[PDB]
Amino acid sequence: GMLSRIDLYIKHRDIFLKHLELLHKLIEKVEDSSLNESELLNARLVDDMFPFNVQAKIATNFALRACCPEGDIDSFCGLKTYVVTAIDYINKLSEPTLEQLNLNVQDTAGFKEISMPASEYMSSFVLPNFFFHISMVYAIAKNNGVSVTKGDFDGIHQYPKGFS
């Protein structure tokens, strides 16, 4: 019953942690791709959608918003630090009580003020939004000639590699 919310939280917290680490490893790959730093960080897919660095910042902020209840994103060094700061913070956090997971979280979803139990807030609201912005980081990277496969996104898919 209710105790499974603790198990759901641990599983999804570990999923945010894993994908934040894959995001940090993606930024390292984009860095060593011999591409222009500023051009890459400000690169978009859709004209009215956020650029690469802002997509990485939003995804990181969504992981923090889910797990808790500043920085330079204009350089690869600063954006990596931003992600590492979130990873280290989330790892420091103690295992939640059932009472914490039933506490209502107050947030805004566009123009709508939302109130959800922290458990549903993490899995129903944050989790899909986190994956949306993570997906945008990967698609922008692929669009700018970065050699990325599904393996860089989930750490489970594997494809034959090259050399040189």
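The first residue of the shown sequence is 1; numbering continues from there.
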Original post:
Which class describes the count of deposited residues lacking coordinates between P117 and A118: none, 1 to 3, 4 to 9, or 10 or more?
Top reply: none
**OP:** Taking the mean of the C-alpha B-factors per stretch from the entry, tell me the winner out of 52-60 and 26-34.
**Re:** 26-34
Subject >> 144-152 versus 6-14 - greater average Cα B-factor per the deposited record >> reply: 144-152
Original post:
Whose CA atom has the top B-factor in the entry, of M122, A139, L101, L40?
Top reply: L40
Original post:
According to the deposited entry, which of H133, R65, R44, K112 has the largest Cα B-factor?
Top reply: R44
